[PDB]
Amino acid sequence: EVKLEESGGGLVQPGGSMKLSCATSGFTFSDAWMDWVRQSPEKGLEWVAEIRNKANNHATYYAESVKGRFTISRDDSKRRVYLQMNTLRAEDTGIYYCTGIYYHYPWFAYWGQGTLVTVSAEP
């Protein structure tokens, strides 16, 4: 059974940093392209970053809105994907989900339940 579970979310101040983690099982990890997708009422669902497999030398791709601040990485040995978010902004607020695709099946078939990321300096 495919399992994906994100962790690391929390409330942070603007300009802060936070690292998200995603534990996985139930599918071949090394050839999978793993992704992070976020959701906020402001912009709905939006793709954030992707990290390809070894065949693509783990080439990373990012949404223009997070390029230079976010870093996606993975540990094929642990079957985990990570998202280091630095210089956080208010608009980065949302639920972050871990998912991914396979070269021949380019669709987000399975999603973790998500981890909440809140970037705010005042309630």
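Counting begins at 1, following the sequence as shown.
Would you mind comparing 78-86 and 40-48 for me and telling me which has the higher average C-alpha temperature factor in the entry?
Averaged over C-alpha atoms, the B-factors run higher in 40-48.
Tell me which of 92-100 and 65-73 has the higher mean C-alpha B-factor in the deposited entry.
Taking the mean B-factor of the alpha carbons in each, 65-73 is higher.
Rank-wise, by C-alpha B-factor, drop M34 into the lowest, middle or highest third of its chain.
CA B-factor rank for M34: lowest third.
Please rank the C-alpha B-factors of the chain's modelled residues and tell me whether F108 sits in the lowest, middle or highest third.
According to the entry, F108 has a C-alpha B-factor in the chain's middle third.
Among the modelled residues of this chain, does the Cα B factor of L4 put it in the lowest, middle or highest third?
Ranked within chain, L4 CA B lands in the middle tercile.
Thinking about Cα B factors across the chain, which third does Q13 belong to?
As the PDB entry reports it, the C-alpha B-factor of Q13 lands in the middle third of its chain.
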